[PDB]
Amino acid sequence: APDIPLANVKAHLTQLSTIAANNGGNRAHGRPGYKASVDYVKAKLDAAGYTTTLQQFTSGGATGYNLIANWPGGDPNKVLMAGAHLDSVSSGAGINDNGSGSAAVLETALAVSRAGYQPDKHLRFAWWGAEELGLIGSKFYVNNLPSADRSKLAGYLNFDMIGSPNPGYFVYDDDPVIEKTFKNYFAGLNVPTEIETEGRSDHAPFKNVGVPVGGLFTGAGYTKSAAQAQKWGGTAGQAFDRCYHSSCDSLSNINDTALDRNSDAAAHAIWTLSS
């Protein structure tokens, strides 16, 4: 897999931050900052050669969107998906939650094109709408995915909050092959990981219908323990993300090392699991 350039990931976050500032301070469902986020991500993918689909839904009386990006080629009967919700709460720009996962998934998708990669499995990336309303976009996607296509899914990889400023390194303990792939990457860095327990994100609708899932998380409102600070640094007794769902979830609310490591791990897993 290629090494995902941290600066490119950060640049997507800068664009999402400006989009929020230009649209009332947020990127929330039903508000113009969300569709503008979709338009940014979609244009990058279209230019890179993806076949993109805007999947529209209505929730709360307002139109929502998922952005689906299929990399042409690969076995139609073995589809590997990776995704991240692209909406924020309305209090702020949602840069860690979840610009971080959105940007890492986008830069991984662009990296496939830059590398000239032809995965054996068909790759499909997703940016979900309305996660903050209760997983509404990912539920809509799974609910509208015919059973014959659901059975073609080899896995769904989720990235929701992966740049927390006081990070832990949590790996979902779901499908064993996907979990092993992420843990192996972190082992190569000599960075310990722990099982995610802090769940409720967009892998749940996939998990609940039997699709193998996994993912990465760096912590939210829970406090980092003394033992977690000893293994990962940062500040014991402070939240992993002190700006969770806040107006201060801005460009300053990112740990660059965690963002880099989790972006690189995302690419490692997508390459490994698609051969």
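Each residue number is its position in the shown sequence, starting from 1.
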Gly199 left out of the model in a third or more of other PDB entries: yes
Deposited but uncoordinated residues in the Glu198/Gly199 interval: 1 to 3
Which of 167-175 and 181-189 has higher mean CA B factor, as the PDB entry lists it: 181-189
Which of 148-156 and 96-104 has higher mean CA B factor, as the PDB entry lists it: 148-156
Position of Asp120 among the chain's modelled residues by C-alpha B-factor, lowest, middle or highest third: highest
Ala236 CA temperature factor, ranked by third within the chain: highest
Relative C-alpha B-factor of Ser246, binned into the chain's lowest, middle or highest third: lowest
Third of the chain's Cα B-factor distribution that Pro76 belongs to, per the entry: highest
Lowest, middle or highest third - CA B-factor, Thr63: highest
